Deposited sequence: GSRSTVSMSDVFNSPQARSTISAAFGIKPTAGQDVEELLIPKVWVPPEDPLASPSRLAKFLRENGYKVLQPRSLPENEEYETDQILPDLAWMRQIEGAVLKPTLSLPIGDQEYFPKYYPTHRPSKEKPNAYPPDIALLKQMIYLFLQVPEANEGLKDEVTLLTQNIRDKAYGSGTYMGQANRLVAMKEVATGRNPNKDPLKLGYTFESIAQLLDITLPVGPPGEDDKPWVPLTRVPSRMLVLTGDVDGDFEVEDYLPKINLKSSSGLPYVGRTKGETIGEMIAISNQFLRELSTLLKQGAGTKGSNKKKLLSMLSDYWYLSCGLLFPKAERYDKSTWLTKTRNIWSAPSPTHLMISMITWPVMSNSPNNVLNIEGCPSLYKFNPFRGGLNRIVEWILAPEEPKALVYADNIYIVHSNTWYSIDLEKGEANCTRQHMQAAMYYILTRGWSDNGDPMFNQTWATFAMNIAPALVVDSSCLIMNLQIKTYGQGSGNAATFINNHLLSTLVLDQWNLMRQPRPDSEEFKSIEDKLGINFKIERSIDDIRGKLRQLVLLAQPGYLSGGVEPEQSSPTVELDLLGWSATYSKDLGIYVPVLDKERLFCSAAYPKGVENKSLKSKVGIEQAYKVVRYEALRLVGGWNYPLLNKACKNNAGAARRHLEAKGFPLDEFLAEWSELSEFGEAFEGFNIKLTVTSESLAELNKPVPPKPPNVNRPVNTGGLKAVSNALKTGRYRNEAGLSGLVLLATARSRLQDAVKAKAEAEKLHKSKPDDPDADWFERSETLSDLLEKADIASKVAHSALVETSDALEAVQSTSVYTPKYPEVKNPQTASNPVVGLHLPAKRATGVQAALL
């Protein structure tokens, strides 16, 4: 019959049946997936840097190239993006399973003098992952197939819903976000990116962070952000200077300057088209053709501009469940330094129902059960109005002093009427094809906040129907109400009981008795942002362990480097596996330790500078994000696990508003009455007017909002909204229904 092996044969991936533009187009049209009429792009051409960025000429002589490549050519082209899929039928050895690890674990199991099926399970589990899975970037057929599935989440079973058509308003959503994502203040949003680098006659840097290794996007396919820094800033400068000019000229009287705007947006279409990057991961072999995650790689200028709004506000908002009463947020949670122990105490407390949120994740305890819930592809559910609501939130509570806008009408117009259209329901480039993106793109700079807002809406609706149990028809009905798909990934009955038993049943190991473990210590697999709980007798608290399935999945298929440094990367690999949770699993632990030891001894004898290589190991590791800015060595001992886990007081919260401690229930109940305050103030009205008026009438929209605010003493919001609606129509600057400024700029982006 059939041949069985201890060590799997090298897998040969199947042939990609869509590796051609003719076949891809055929498949998309077949499934009624929209293909756009292709727009072209001016060829990139060399230009002297000191002529485009004169106010940054000082940083060249005391940096970046002297010439910039700009999309300004006479001859045009249609852009092409052809990602390289690894591994493949032709080239199958890109990402081998860790056979050395498997052999070591088998070797050590054989040395143990008897029995022990509990040790053998480690071998069984690693072997099962090596067989079932493969690491790499899948296939075109998989990418395409994934695309068809989001067109389904967005337009099929439960089509996306504009939340404003459901009764929500910008302000009502913001007040939910006051609870679920509290934000503090960051220089005002009034400058082009060039003026975000100041010289004191030292230099001050106010520009967001971006990884120099990621792809630049349009118009620089095949180039990194690191190779296009000057260009990225140049294009953002140009774009914003043009927009402010347009807003300064206004509506030409009578609608003349309406062909300036369409001209500009059409010329900047490429700012709304992401590269469809195949996301590398541990996929199931059986679904190599039907499942490949995609990353929508934003054009680098679109990314710079959007994150100039989001980053400074979010990068100094460490506000969550740990440091604000009633806050459900897990934003910037870290399980080390007593982190996890504190969440477990939160679970253990008798209060229920209660909720936690992080982007597209909702954790609920109800009737002594723990429920982990995911939004079914968050991004795909997102509409433009969801994102403009996120923008409205960030500006009114991040970019405002008391209610006074700390932003231009230029930046206001970009935020409310351009950025959602660039990045939600726009387009993407795969092979040579320009095709629709349904929902928000997986890669963009507002992903976290847009998803977080989506989950916030789910929670609001959960509160509104008296907090039903998550596995009930009642809870399920929320998806119809909101057009937001979700599922239960996992639930755990008798959650408190199980968490309490961890204390009773903890086994000797590095964190209980300070010894090398003979036996695995029990856990509760919470999947709390990927973390489990276990009990440390040495510290007397709960400590994190990586979720067991994730851990063995990672062990099975290491990520690539993608002379001498190969042994050094193995030290990182194996020690980090231990550090994140391998320490709690006996065979995994020792095998990783032995293999790391052999790589270390090989390097010491060759005089390799290991200490220097590992100085910033966090960047070299798939787990590093959890260890960022802790300045800890890679060693894994009793002392290091203890030091990593030693409780540290949570840093104080940073809120730009008086701290709201009522909890989400109260704000939900107050809000269903349709009567609430304008907690946003003037900038709230400014942004309303900006959203509700034609794009080129933005300056007038603000002035009209300033007159209404001057009109008193804001109190009731709904009244305030309706009076401002009358003022906009009387000046004839308000746009017609179903022809909002947002819709206009979207249409002009797929003009051509």
How would you write out the unmodelled ranges of the deposited sequence, numbered from 1?
1 to 33, 96 to 98, 223 to 229, 245 to 250, 612 to 618, 770 to 772, 812 to 852
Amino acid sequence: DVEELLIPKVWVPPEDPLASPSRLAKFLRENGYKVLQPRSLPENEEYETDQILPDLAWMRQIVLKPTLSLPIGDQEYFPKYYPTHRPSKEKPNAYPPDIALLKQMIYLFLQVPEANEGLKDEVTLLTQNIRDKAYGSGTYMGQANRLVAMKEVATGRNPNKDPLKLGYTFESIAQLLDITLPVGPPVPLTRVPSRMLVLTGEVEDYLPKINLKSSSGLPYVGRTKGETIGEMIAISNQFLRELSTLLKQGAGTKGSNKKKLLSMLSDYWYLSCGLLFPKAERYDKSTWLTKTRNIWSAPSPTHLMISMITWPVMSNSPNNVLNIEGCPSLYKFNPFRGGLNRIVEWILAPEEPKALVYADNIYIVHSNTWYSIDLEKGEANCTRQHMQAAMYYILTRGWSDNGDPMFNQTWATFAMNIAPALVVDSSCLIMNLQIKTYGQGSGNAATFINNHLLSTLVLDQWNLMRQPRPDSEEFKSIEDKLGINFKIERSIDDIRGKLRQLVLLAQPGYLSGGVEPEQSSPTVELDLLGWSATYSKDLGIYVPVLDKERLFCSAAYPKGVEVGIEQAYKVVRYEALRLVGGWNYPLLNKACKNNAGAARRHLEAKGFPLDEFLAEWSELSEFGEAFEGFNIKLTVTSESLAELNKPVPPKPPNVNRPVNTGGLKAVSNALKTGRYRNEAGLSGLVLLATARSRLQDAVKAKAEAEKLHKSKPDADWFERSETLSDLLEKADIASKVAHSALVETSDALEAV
From here on, numbers count along this sequence of modelled residues.
Averaging C-alpha B-factors over each stretch, which comes out higher, 656 to 664 or 90 to 98?
656 to 664
Once average C-alpha B-factors are taken from the entry for 177 to 185 and 204 to 212, the winner is 204 to 212
Residue set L356, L197, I430, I495, per-entry CA B-factor max assigned to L197
Just the C-alpha B-factor column, please: which of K120, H366, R337, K254 has the biggest number?
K254
Sorting the chain's CA B-factors, does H739 end up in the lowest, middle or highest third?
highest
Among the modelled residues of this chain, does the Cα B factor of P328 put it in the lowest, middle or highest third?
lowest
Grab the CA temperature factor for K9 from the record and place it in the lowest, middle or highest third of its chain.
middle
Based on the entry's values, in what third of the chain does the Cα temperature factor of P713 lie: lowest, middle or highest?
highest
Pull the Cα B-factor of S426 out of the PDB entry and bin it into the chain's lowest, middle or highest third.
lowest
